[PDB]
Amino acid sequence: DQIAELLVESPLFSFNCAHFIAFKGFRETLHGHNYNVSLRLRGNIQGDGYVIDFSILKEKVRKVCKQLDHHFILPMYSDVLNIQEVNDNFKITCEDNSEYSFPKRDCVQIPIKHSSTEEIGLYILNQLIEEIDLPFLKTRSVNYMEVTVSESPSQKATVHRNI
């Protein structure tokens, strides 16, 4: 058996989003990024000549990216933000009493504590494994999945799961 590592990466695997980091003692101003995602995986080359078809990987990365793209990333588990539902908006009040309000539909509520690159990457990795499907990955012999997310190309975070 022959192991290969596949990498799919593209300026297409992007989500252009607004965010701000907040944690204990720190809040920054609202801004945004063209976030980019790459996926790496390892398995044995199968009888058909592939570890797993690149086209499936690309389809599923684009799908996950598209869910995030063109929204404000709202970290629904933050311990330093007060997230209120007001009519059809989310109102966010910070530790320093700063207030934001956005239409709910402009936001993507993500089960993270901070909109950091690291926590966004963990979320995406989990979503990708779900979307490609873990049993399907195992049929293809895949035993390692790894996502890299960048806020900007100069700063990236990479997370993995052995499966």
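Position 1 is the first residue in the sequence shown; the rest follow in order.
In this entry, 147-155 shows the higher mean Cα temperature factor of the pair 15-23 and 147-155. Averaged over Cα atoms, the B-factor as recorded in the entry is higher for 134-142 than for the other of 134-142 and 104-112. Per the deposited record, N97 carries the highest C-alpha B-factor of all listed residues (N97, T29, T117, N34). The maximum CA B-factor among the listed residues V51, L39, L122, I56, taken from the PDB record, is found at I56.
Among the modelled residues of the chain, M76 sits in the highest third by CA temperature factor in this PDB entry. Per-chain ranking of the deposited C-alpha B factor places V8 in the middle third.
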